[PDB]
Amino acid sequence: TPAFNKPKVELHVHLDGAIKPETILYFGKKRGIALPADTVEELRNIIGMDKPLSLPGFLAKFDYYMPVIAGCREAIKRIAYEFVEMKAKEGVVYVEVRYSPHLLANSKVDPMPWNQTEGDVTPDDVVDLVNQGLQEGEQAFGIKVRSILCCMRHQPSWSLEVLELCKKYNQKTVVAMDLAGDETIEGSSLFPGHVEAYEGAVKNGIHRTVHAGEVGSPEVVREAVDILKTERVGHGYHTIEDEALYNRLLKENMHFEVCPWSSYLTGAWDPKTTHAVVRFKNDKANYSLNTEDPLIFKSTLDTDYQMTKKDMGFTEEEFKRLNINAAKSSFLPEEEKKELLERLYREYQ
């Protein structure tokens, strides 16, 4: 009994956080790289989370498997193809997948991630590989998929290259630029490289989204909106703490990419207090429901819908509403955006 057994739109999920324990296990053995466990079940209990951690603590779960995928063309392409398949099964008709091309390369990246040995999988090459896997999956499962390239908060030197990658692969799946990573790194939103990459995104027409306000204060969101110029805000739960900012973003119709389950598990939400999404629902705010990192939260898109249904009392009326806003707020060109909307209204009939 799915909470919302109808077509959905997902705007917030990381490719490297949506991998199958099985594929992780396959390449661990195939490359002879160690994993913390040798059974999908135990691998899933080590990588996955049962209780709230902190943002930096949760972020460490990637250390376990990223080395197994990074540097391998076959793996990079495969996880891209299998991602589409996963989303197809969840009943998602349009998705924007995000990831850091740098954390998957093993050549022309400094610092070299995961202590890898120089290879030939360049940051540009990883973008192309994901594109190919994404496209093959679209043909095979029939859903539309697009990508977003992430800037890492702690590594602003990578930022201008991410911008260049967005320019090159513009619409070749690539639709936007994101700022992901450790939100707690004081002043990370303001590092020159990040600011300059975003200034360039604005002048070159490249779409923008920024993780902000999951753990930081209203000010981090204010910097994302005012200085960085995001078109959307990843999370943004703390925005409501500044009635002025909240009400202003509400007026401009700012889109908040909400991830309920994630907010609880990253410690970002005290289950005693009313979840920010409730305020958004009541205020009729522009927001979407997202999974964020399904692998680590041992979850599915339905996890998040069920959660808002059971607690927070969401209805099908709201599920349809927020999905229309997600389609209106997607980074799809106008014509593709109309087609998506047409599709949903038909199926919501």
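All residue numbers refer to positions in the sequence shown, first residue = 1.
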Checklist entry - Looking only at CA atoms, which has the higher mean B factor in the entry: 214-222 or 151-159? => result 214-222
Checklist entry - Going by the B-factors listed in the PDB entry, is the mean over the C-alpha atoms higher for 286-294 or for 32-40? => result 32-40
Checklist outcome for this item: Looking only at 230, 131, 247, 188, the Cα with the top B-factor belongs to 247
Next on the checklist: Highest recorded C-alpha temperature factor, please, choosing from 182, 243, 124, 257.
Outcome noted: 243
Checklist entry - Which third of the chain holds residue 113 when residues are ordered by C-alpha B factor: lowest, middle or highest? => result highest
Item to check | Third of chain Cα B-factors occupied by residue 266 | outcome: highest
Next on the checklist: Lowest, middle or highest third: which one holds residue 178 when the chain's residues are ordered by CA B-factor from the entry?
Outcome noted: lowest
Checklist entry - Of the three thirds of its chain by CA temperature factor, lowest, middle or highest, which one includes residue 314? => result highest
Checklist entry - Ranked by Cα temperature factor within the chain, is residue 320 in the lowest third, the middle third or the highest third? => result middle
